[PDB]
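Read the single chain below, which is given as structure tokens and is the form deposited without guanosine-5'-triphosphate.
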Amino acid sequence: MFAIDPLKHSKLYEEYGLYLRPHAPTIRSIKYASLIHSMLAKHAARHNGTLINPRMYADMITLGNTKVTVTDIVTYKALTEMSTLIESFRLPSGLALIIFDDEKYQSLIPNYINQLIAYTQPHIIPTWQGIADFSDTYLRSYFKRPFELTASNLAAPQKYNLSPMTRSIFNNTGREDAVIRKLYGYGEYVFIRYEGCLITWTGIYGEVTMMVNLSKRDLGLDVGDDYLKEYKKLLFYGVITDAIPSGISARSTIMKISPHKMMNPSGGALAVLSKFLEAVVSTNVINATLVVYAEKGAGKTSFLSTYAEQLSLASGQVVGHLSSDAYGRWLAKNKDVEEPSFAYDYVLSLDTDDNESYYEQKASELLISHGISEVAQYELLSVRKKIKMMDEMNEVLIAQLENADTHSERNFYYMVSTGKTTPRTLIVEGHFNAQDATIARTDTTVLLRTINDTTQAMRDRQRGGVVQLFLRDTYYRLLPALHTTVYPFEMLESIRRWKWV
């Protein structure tokens, strides 16, 4: 007995690569579980969406050791009906409750099954990359077992002991399903269908696996292609499934691409993003702002520019986007003017790449004061030696967040956010969580992760890469993952799922 009925919701199981075996004791057992699901929904619809004794229901279904028989009758009527249904199955034991370890599966479990989970030891099936392992007892007994055709495996199905009524086909040959279906005699078989990709790369430390929400036709990549080829599609639609640091770099090439199941976005990420979109739409809110934190080196401006464009197009309003080095490039010009400007077009004109930041100058002077000039010099230090310098960098950071002066950062975001000509909806980037007291008043702050080894992106660039790596490590030491973590495809899916107008 599954948490979600396969005879009713067959298409959801087809998404996981699981096809029902055609119509034996397993065949009788799945119909018995369907009858139990229908009976449970009927009994739960009568009392506030709940079950009146979930330990009793759990014992009767999963253990199969309880008979309730009329010899109040009203309080036990539903249990007598369930008892006469389970007694007639004549099973030697009970039906174990079966859950997949996917989040998209767990969101679709009915309420009464969730009420039964608390009084049952369920059978939890692990998922490797969103795909449940096909070698489980129940998934082998109830579903068709998949068979993978590759470029070396490929032959007619009579070479193996394959039959239409037992096996399903995973085409991983790099060829069309019609060509395999008419040219190798796979006409009567059913092919499993995946919509994303899984790529294995070459890493600094090994090999790196990446799940992508694009098809292999749309993502125009082959084995051997460079990491910088089709980089923006990978950035907008990819998630690296390895531990940090995963040594992906600009020198990475593709070892293998296979079709894989698409990722589903997280619930809390979509929740906080839809909270922001509700603030964008509503007329009761004067100013709406999204604060996005990211590690220094993640390529977050390139995504958030496109995000701001798509939000302007789907919304019909003007979206402003300050960079994460906005206050630094402002203060590197205006730290001596007694009454400097806070106009949005001036601050926006100072957000270019060819303006140096104030904190970069202070960190570069701090590195010169310790004789540090090179990446090889900086990497060669111990951890205590680095932390002793990052404490001095925190001393130069604290002076700009401690008060509300005219050159303070809190006043900077105040005079930009509450200006006349500034747009209503802003997207502001930050480097670390202590700016939560300093960036303008929001209710939605997220943390962004990309497909970027930030410490490898910083060592593979110019214009003071030592200062860049030093600031990355300082900001990492000040930025935990204490806000909700959001990927770029989740931020695009948030705009696509919001019903507009």
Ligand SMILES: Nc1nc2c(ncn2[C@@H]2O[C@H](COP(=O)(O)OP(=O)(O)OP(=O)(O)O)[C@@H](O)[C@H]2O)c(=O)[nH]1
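For the two forms, the rigid core is made up of the largest set of C-alpha atoms that agree within 1.5 Å on superposition. All residue numbers refer to positions in the sequence shown, first residue = 1.
Keep in mind the form deposited with guanosine-5'-triphosphate bound is missing from the figure; the text below concerns it.
Contact with guanosine-5'-triphosphate in the deposited complex, defined as any heavy atom within 4.5 Å, is confined among 174-182, 73-81, 324-332, 279-287 to 324-332. The partner is absent here, but in the deposited complex a heavy atom of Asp353, alone among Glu365, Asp133, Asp353, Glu395, sits within 4.5 Å of guanosine-5'-triphosphate. For the options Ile248, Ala298, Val292, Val212, the residue carrying a heavy atom within 4.5 angstroms of guanosine-5'-triphosphate in the deposited complex is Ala298. Although the partner is absent here, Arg461 is a contact residue: one of its heavy atoms lies within 4.5 angstroms of guanosine-5'-triphosphate in the deposited complex. Shown alone here, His260 lies farther than 4.5 Å from guanosine-5'-triphosphate in the deposited complex, counting heavy atoms only.
Of the heavy atoms in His431, some are within 4.5 Å of guanosine-5'-triphosphate in the deposited complex. For the chain shown alone, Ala457 is a contact residue for guanosine-5'-triphosphate in the deposited complex, at least one non-hydrogen atom being within 4.5 angstroms. Put simply, after the core is superposed between the shown form and the other one, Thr80 is the one residue in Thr80, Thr202, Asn355, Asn264 with a Cα shift of at least 2 angstroms. If you fit the rigid core between the shown form and the other one, you'll see the Cα of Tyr57 move by 2 angstroms or more. The two forms, fitted on the rigid core, differ between the shown form and the other one by 2 Å or more at the CA of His43.
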